[PDB]
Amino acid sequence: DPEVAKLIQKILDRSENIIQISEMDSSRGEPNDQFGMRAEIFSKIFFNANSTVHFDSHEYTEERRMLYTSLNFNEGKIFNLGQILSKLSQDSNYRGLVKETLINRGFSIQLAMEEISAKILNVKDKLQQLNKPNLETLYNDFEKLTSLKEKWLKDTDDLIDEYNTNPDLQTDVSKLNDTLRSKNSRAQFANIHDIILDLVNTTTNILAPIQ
């Protein structure tokens, strides 16, 4: 129970921190060139198979922002990633993997963190009504989420380094394509997808009894 009081507090801090960050980031806006990414990526790809305008449209302002936040709104890293990925997106055989990587990986993890923080804060007074196994899981859920983001941050930086380090990444888009693929296998997407959905559902399930 003094342990319980701490768990609430740490969970509420973690949820508060994610929402605060998202509003600060949201007021950063972006250049017309969407951090260099618009000419060859955002204006050539779609959010999901169901969308009508490309991801550069005013309609995807929010989703674009969540993507930038997923890289900690480090505009430099966002810009450098984007120049490399534009080399791949210029080739229609490689554009799918670019989209998948940005949306189904980086966007999806960040969205998950913010839906879950909004879920929890929308019932902030009633968390002491919860079993401590539930309080642990939702707190552990944050940890797996952080660890999914962290590996996205790590694969991004390594890609930037491998690119800057190795001139044939720069002149051979197929080799560039293989190196992106090595950190993003088809099973690794399905896994990421599975874990995110498991974490959203769990949160609703744990929180259903206090709505």
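All residue numbers refer to positions in the sequence shown, first residue = 1.
Taking only CA atoms, the mean B-factor in the PDB entry is higher for 134-142 than for the other of 134-142 and 86-94. Stretches compared: 168-176, 22-30. Higher mean C-alpha B-factor in the entry: 168-176. The residue among 121, 103, 113, 71 whose C-alpha carries the highest B-factor in the deposited model is 121. In this PDB entry, the Cα temperature factor of residue 148 sits in the middle third of its chain's modelled residues. Compared with the other modelled residues of the chain, the Cα B-factor recorded for residue 129 ranks in the highest third.
Among all modelled residues in its chain, residue 57 ranks in the middle third by Cα B-factor. Split the chain's modelled residues into thirds by C-alpha temperature factor. Residue 184 is in the middle one. Residue 43 sits in the lowest third of its chain by CA B factor, as recorded in the PDB entry.
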